[PDB]
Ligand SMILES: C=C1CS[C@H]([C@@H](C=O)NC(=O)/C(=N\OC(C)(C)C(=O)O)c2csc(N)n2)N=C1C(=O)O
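Let's start with one chain on its own, the form deposited without this ligand, as structure tokens.
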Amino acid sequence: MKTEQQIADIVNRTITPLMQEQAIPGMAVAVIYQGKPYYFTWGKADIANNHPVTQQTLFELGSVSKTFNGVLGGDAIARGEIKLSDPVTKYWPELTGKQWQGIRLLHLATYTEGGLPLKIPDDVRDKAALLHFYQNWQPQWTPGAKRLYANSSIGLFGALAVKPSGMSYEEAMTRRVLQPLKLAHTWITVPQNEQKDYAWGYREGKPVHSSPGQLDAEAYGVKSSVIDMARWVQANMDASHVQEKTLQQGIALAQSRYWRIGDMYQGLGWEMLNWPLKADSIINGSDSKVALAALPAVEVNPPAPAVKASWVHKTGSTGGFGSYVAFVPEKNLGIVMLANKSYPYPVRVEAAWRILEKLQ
């Protein structure tokens, strides 16, 4: 097995040119290797004010937030509070249009509802406007026909999934996921006494933070540190240490296979491919030209239970940040890459692959 110095050499050999070539001000990486997390930090969380990246720096996860959504939903399934087969109208009866009649929670959770838009429109800023938007949306195809990635589908799934609990989404996420997993540096809303650790994102050489929007927490609005993200990857890779039974089962359910889209399988938030695999499949699959395309979907019903021989991963971005998380349960190997600049998805995936390939 490799020493810490050997792992550091491997990580730095990839990250050093990456940050220079992509003009990334700050990064934090965790490698999970033979059961242990190894942490690395470089650069600046705030350039003008000279604040370094540390193991406590908070990064905007962007759509990596959907992995938290999927686990919270899995926990609700395990609690018996919801079933993915339930109609959306069980939880939002005011969606009375015929286009909602056959849409199930399953479809919202997995981008298979019929073609909701990538984001809720900017001018939808209250509950009345949100209802109007969904009521008047018209699908492009029947439920299950295609997978088309969106924030507005899984975002609504998260809002509906927590209804039986009587809690807000943020309250339920905190009580049911973050607190049991001891994720004390993971936030939907960063409190004032933690703002000192909230990195600035950089877009076109200017510091930026993400703007709020409807159903943001549910789809793209989580912030977290490298320590918490490593602990999150560890718990998702192997939840045998998680003593809360419904949370352990909910983690497993987010890695069930619900749909087959070529060689990719859709979990709850997490996306999976069989392992072993060819690097080009994930690198090319991460390009927006594939990842954002509407592709035919094949249902896996009942969902296939998690298998160890899988590459489990999720990309995410905001205006100023780019993140990537991936793990292989069979190998007990994983990686977290957090950066305060958005940079191309295939570059993220290739760098992660290069590191993990040397740690086989």
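In case it trips you up, residue 1 is the first one in the sequence shown, and so on.
The form solved in complex with this ligand is left out here; the points below concern that form.
At the 4.5 Å threshold, heavy atoms of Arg260 stay clear of this ligand in the entry with it bound, well away from it.
Within this chain, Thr186 is remote from the site of this ligand in the entry with it bound, having no heavy atom within 4.5 Å. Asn151 belongs to the set of residues with a heavy atom inside 4.5 Å of this ligand in the entry with it bound. Not displayed here, this ligand is kept clear of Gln234 by more than 4.5 Å at the level of heavy atoms in the entry with it bound. Residue-level contacts in the entry with it bound: of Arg79, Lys119, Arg104, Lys163, one residue has a heavy atom within 4.5 Å of this ligand, and it is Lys119. For the residues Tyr220, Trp100, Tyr202, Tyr265, the 4.5 Å heavy atom test against this ligand in the entry with it bound is passed only by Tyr220. With the partner omitted here, the stretch from 314 to 322, 34 to 42, 331 to 339, 299 to 307 that lies within 4.5 Å of this ligand by heavy atoms in the entry with it bound is 314 to 322.
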